[PDB]
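Structure file start_11.cif with mmCIF, C-alpha atoms:
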```
data_input
loop_
_atom_site.label_atom_id
_atom_site.label_comp_id
_atom_site.auth_asym_id
_atom_site.auth_seq_id
_atom_site.Cartn_x
_atom_site.Cartn_y
_atom_site.Cartn_z
CA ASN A 44 112.10 20.87 65.86
CA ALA A 45 114.50 23.40 64.26
CA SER A 46 117.57 21.13 64.09
CA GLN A 47 115.52 18.32 62.50
CA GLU A 48 114.08 20.68 59.93
CA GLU A 49 117.44 21.96 58.68
CA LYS A 50 118.04 18.42 57.34
CA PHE A 51 114.88 18.53 55.22
CA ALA A 52 117.02 20.15 52.51
CA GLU A 53 118.76 16.77 52.04
CA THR A 54 115.61 14.72 52.46
CA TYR A 55 113.25 16.60 50.13
CA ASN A 56 115.49 17.42 47.21
CA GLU A 57 114.16 15.82 44.09
CA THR A 58 114.63 17.37 40.70
CA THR A 59 111.66 18.03 38.47
CA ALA A 60 111.20 18.46 34.72
CA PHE A 61 107.74 19.95 34.46
CA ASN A 62 105.83 23.21 34.82
CA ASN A 63 103.51 24.42 37.53
CA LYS A 64 100.70 26.86 37.26
CA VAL A 65 97.37 27.61 38.89
CA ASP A 66 94.45 26.74 36.62
CA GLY A 67 91.08 27.57 38.20
CA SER A 68 91.24 25.84 41.56
CA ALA A 69 93.94 23.34 40.43
CA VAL A 70 97.67 23.31 40.78
CA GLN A 71 98.44 22.04 37.28
CA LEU A 72 101.59 20.03 36.73
CA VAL A 73 102.39 19.35 33.08
CA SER A 74 105.46 19.21 30.95
CA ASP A 75 106.33 20.66 27.57
CA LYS A 76 106.32 17.04 26.31
CA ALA A 77 102.57 16.75 26.86
CA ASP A 78 101.16 14.80 23.94
CA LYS A 79 97.46 14.10 24.11
CA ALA A 80 98.01 13.89 27.85
CA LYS A 81 95.37 12.42 30.14
CA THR A 82 93.98 14.79 32.77
CA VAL A 83 94.41 13.37 36.27
CA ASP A 84 92.52 15.18 39.05
CA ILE A 85 93.75 14.42 42.57
CA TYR A 86 91.63 15.66 45.46
CA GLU A 87 93.59 15.73 48.70
CA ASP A 88 93.90 17.36 52.12
CA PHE A 89 97.22 17.93 53.86
CA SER A 90 95.89 16.64 57.20
CA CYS A 91 94.47 13.38 55.80
CA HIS A 92 96.29 10.13 56.46
CA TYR A 93 95.06 8.31 53.39
CA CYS A 94 96.19 11.25 51.22
CA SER A 95 99.65 11.01 52.72
CA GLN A 96 99.68 7.26 52.04
CA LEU A 97 98.54 7.74 48.46
CA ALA A 98 101.33 10.25 47.88
CA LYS A 99 103.92 7.87 49.28
CA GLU A 100 102.60 5.05 47.06
CA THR A 101 102.36 6.97 43.82
CA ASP A 102 104.55 10.06 43.80
CA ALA A 103 107.53 8.51 41.92
CA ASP A 104 105.37 6.93 39.23
CA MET A 105 103.29 10.11 38.98
CA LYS A 106 106.39 12.29 38.59
CA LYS A 107 107.62 10.24 35.66
CA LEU A 108 104.25 10.23 33.92
CA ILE A 109 104.14 14.04 34.21
CA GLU A 110 107.69 14.53 33.01
CA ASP A 111 107.18 12.24 30.02
CA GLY A 112 104.05 14.07 28.85
CA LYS A 113 101.64 11.21 29.57
CA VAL A 114 99.51 13.12 32.08
CA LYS A 115 98.55 16.61 33.16
CA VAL A 116 98.02 16.40 36.94
CA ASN A 117 95.65 18.76 38.71
CA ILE A 118 96.34 18.81 42.44
CA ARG A 119 93.00 19.85 43.92
CA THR A 120 93.58 20.73 47.54
CA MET A 121 90.74 20.67 50.06
CA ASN A 122 90.43 21.63 53.72
CA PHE A 123 87.54 19.66 55.21
CA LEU A 124 89.70 18.15 57.95
CA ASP A 125 89.87 21.58 59.54
CA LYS A 126 86.10 21.34 60.21
CA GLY A 127 85.49 24.97 59.22
CA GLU A 128 88.29 26.43 61.34
CA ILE A 129 91.64 27.77 60.15
CA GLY A 130 93.82 24.84 61.06
CA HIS A 131 96.52 22.68 59.63
CA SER A 132 94.81 21.88 56.36
CA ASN A 133 94.40 25.58 55.62
CA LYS A 134 97.87 26.62 56.78
CA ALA A 135 99.69 23.84 54.95
CA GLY A 136 97.46 24.24 51.93
CA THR A 137 98.02 28.00 51.81
CA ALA A 138 101.76 27.56 52.08
CA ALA A 139 101.90 24.96 49.31
CA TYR A 140 99.57 27.05 47.12
CA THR A 141 101.78 30.10 47.53
CA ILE A 142 104.75 28.09 46.28
CA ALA A 143 102.68 26.64 43.41
CA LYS A 144 101.56 30.08 42.28
CA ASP A 145 104.79 32.11 42.78
CA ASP A 146 107.64 29.69 42.86
CA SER A 147 109.20 26.76 41.02
CA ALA A 148 107.79 23.34 40.27
CA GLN A 149 110.76 21.82 42.01
CA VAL A 150 110.20 23.68 45.30
CA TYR A 151 106.48 22.95 45.09
CA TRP A 152 107.03 19.24 44.53
CA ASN A 153 109.48 18.89 47.39
CA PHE A 154 107.33 20.99 49.75
CA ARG A 155 104.25 18.90 48.96
CA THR A 156 106.22 15.71 49.57
CA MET A 157 107.48 17.09 52.86
CA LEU A 158 104.00 18.09 54.06
CA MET A 159 102.57 14.66 53.28
CA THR A 160 105.55 12.72 54.66
CA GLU A 161 105.90 14.76 57.84
CA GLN A 162 102.13 15.05 58.33
CA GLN A 163 101.78 13.36 61.73
CA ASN A 164 104.88 15.11 63.15
CA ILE A 165 103.75 18.57 62.04
CA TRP A 166 99.93 18.47 62.22
CA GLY A 167 98.72 21.35 64.33
CA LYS A 168 102.26 22.37 65.28
CA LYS A 169 103.18 24.77 62.45
CA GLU A 170 101.97 28.31 61.97
CA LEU A 171 102.39 30.09 58.65
CA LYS A 172 105.71 31.57 59.84
CA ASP A 173 106.98 28.04 60.55
CA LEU A 174 105.82 26.77 57.16
CA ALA A 175 107.61 29.77 55.65
CA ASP A 176 110.86 28.72 57.38
CA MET A 177 110.44 25.21 55.91
CA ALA A 178 109.84 26.67 52.46
CA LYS A 179 113.06 28.68 52.77
CA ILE A 180 115.01 25.53 53.67
CA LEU A 181 113.53 23.83 50.55
CA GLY A 182 114.68 26.62 48.26
CA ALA A 183 111.75 29.04 47.96
CA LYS A 184 112.34 32.61 46.79
CA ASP A 185 112.59 35.32 49.45
CA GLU A 186 109.27 36.84 48.39
CA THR A 187 107.56 33.44 48.52
CA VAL A 188 108.76 32.91 52.07
CA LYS A 189 107.40 36.35 53.03
CA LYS A 190 104.03 35.70 51.38
CA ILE A 191 103.67 32.37 53.22
CA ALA A 192 104.41 33.94 56.61
CA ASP A 193 102.08 36.85 55.87
CA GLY A 194 99.19 34.65 54.70
CA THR A 195 98.97 36.70 51.54
CA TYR A 196 97.03 33.92 49.82
CA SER A 197 95.06 32.62 52.81
CA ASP A 198 91.77 33.94 51.56
CA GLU A 199 92.47 32.92 47.95
CA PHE A 200 93.23 29.43 49.23
CA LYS A 201 89.94 29.26 51.16
CA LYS A 202 88.17 29.72 47.82
CA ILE A 203 90.48 27.18 46.06
CA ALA A 204 89.50 24.58 48.68
CA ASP A 205 85.79 25.38 48.53
CA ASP A 206 85.86 25.29 44.73
CA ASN A 207 87.55 21.88 44.69
CA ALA A 208 84.98 20.51 47.13
CA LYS A 209 82.19 21.83 44.86
CA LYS A 210 83.80 20.25 41.79
CA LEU A 211 84.27 16.92 43.55
CA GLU A 212 80.64 16.87 44.64
CA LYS A 213 79.47 17.59 41.07
CA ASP A 214 81.85 15.22 39.24
CA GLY A 215 81.85 12.30 41.60
CA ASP A 216 79.18 10.41 43.42
CA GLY A 217 78.16 13.41 45.62
CA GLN A 218 80.40 12.44 48.55
CA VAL A 219 83.22 14.82 49.43
CA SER A 220 86.05 13.00 51.01
CA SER A 221 89.62 12.44 50.13
CA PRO A 222 91.76 11.17 48.54
CA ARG A 223 89.95 10.89 45.19
CA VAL A 224 91.45 10.40 41.74
CA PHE A 225 89.83 10.94 38.37
CA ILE A 226 91.37 10.15 34.97
CA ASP A 227 89.72 12.09 32.13
CA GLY A 228 86.76 12.64 34.41
CA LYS A 229 86.23 9.02 35.49
CA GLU A 230 86.77 8.18 39.15
CA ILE A 231 89.37 5.51 39.85
CA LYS A 232 88.33 2.75 42.26
CA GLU A 233 91.78 1.77 43.55
CA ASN A 234 93.65 5.04 43.81
CA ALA A 235 96.87 3.46 45.02
CA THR A 236 97.48 1.94 41.57
CA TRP A 237 96.20 4.76 39.35
CA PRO A 238 99.55 5.25 37.59
CA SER A 239 99.26 1.68 36.27
CA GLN A 240 96.18 2.79 34.26
CA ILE A 241 98.33 5.05 32.15
CA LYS A 242 100.06 3.34 29.22
#
```

What do you get writing this file as structure tokens?
Amino acid sequence: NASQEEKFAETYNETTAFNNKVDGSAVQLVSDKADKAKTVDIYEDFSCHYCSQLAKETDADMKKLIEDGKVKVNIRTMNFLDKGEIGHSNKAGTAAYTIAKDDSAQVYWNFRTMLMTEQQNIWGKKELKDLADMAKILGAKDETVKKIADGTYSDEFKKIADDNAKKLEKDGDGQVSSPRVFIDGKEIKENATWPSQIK
């Protein structure tokens, strides 16, 4: 509820030292320290439990690898859990994409963490205007908040999600599911420990 959400500003308030941009259908996270960095593709859906668990398990180790220039992470959001409808995966994904495209890496990172951590509490209960309010609490620019509420990128996001599903089908084993992690194009078997592959 509203009073709970005000406190998110304390809860989801990590600092970041990397850049964010949209590259094709990826949200690319990479720092200026990148030095022969490995490309890490992460296919995920904001309604998916195992994606939320993976984020909880790996986000701290991932953040450091990005900051230190060891990896370039492509967050490749999908929306299959909405089963073709415009549901939570699309709304949450659109909101996060809007921040990724127009706003700071720090707000993006904290918003993504929030969506994954709060997943079961918020699934199906947040419209774009509500996600916009959450983005404001987490520091998004005024225009970003407006674009989330307005669904300015809803259609763009539909294509992002479809494009990531198509890429996953081509690059993997043909199955589209999530979460999935690839390092330099090779699928990782135990996703929960992928950061430990990076030396």

Under the rule that only C-alpha atoms are counted, which of A:139, A:94, A:105, A:121 is the nearest residue to residue 209 in chain A? A:121

If you count only C-alpha atoms, which residues fall within 10 Å of residue 132 in chain A, apart from same-chain ones fewer than 4 positions away, as a list in words?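 Final neighbour list, sorted by chain and number: residues 87, 88, 89, 90, 91, 120, 121, 122, 123, 124, 125, 126, 128, 136, 137, 138, 166, 167 and 204 of chain A.
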
Could you write out as a tab-separated table (two decimals) with C-alpha atoms, keeping the file's coordinate frame the residues that the PyMOL selection byres ((chain A and resi 190) around 12) matches in the shown file?
```
chain	number	residue	atom	x	y	z
A	137	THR	CA	98.02	28.00	51.81
A	138	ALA	CA	101.76	27.56	52.08
A	139	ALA	CA	101.90	24.96	49.31
A	140	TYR	CA	99.57	27.05	47.12
A	141	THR	CA	101.78	30.10	47.53
A	142	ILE	CA	104.75	28.09	46.28
A	144	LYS	CA	101.56	30.08	42.28
A	145	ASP	CA	104.79	32.11	42.78
A	146	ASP	CA	107.64	29.69	42.86
A	171	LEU	CA	102.39	30.09	58.65
A	172	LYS	CA	105.71	31.57	59.84
A	174	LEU	CA	105.82	26.77	57.16
A	175	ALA	CA	107.61	29.77	55.65
A	176	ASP	CA	110.86	28.72	57.38
A	178	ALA	CA	109.84	26.67	52.46
A	179	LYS	CA	113.06	28.68	52.77
A	183	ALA	CA	111.75	29.04	47.96
A	184	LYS	CA	112.34	32.61	46.79
A	185	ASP	CA	112.59	35.32	49.45
A	186	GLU	CA	109.27	36.84	48.39
A	187	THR	CA	107.56	33.44	48.52
A	188	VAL	CA	108.76	32.91	52.07
A	189	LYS	CA	107.40	36.35	53.03
A	191	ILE	CA	103.67	32.37	53.22
A	192	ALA	CA	104.41	33.94	56.61
A	193	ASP	CA	102.08	36.85	55.87
A	194	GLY	CA	99.19	34.65	54.70
A	195	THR	CA	98.97	36.70	51.54
A	196	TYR	CA	97.03	33.92	49.82
A	197	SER	CA	95.06	32.62	52.81
```

Quick one: which residues end up in the PyMOL selection byres ((chain A and resi 238) around 8) for this structure, as a ChimeraX atom specification? /A:101,104-105,108,236-237,239-241

What separation in Å, quoted to one decimal, exists between CA of residue 83 in chain A and CA of residue 218 in chain A?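 These atoms are spaced 18.7 Å apart.
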
One number please: CA of residue 55 in chain A to CA of residue 153 in chain A, in Å, one decimal.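 Between CA of residue 55 in chain A and CA of residue 153 in chain A the gap works out to 5.2 Å.
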
Within 10 Å of residue 147 in chain A, counting only C-alpha atoms, which residues show up once you throw out same-chain ones fewer than 6 positions away? Write them as a VMD selection string, please. chain A and resid 59 61 to 64 182 to 184

Which residues, written as a PyMOL selection string, have at least one atom at most 10 Å from residue 232 in chain A, with only C-alpha atoms counted and residues fewer than 6 positions away on the same chain left out? chain A and resi 223-225
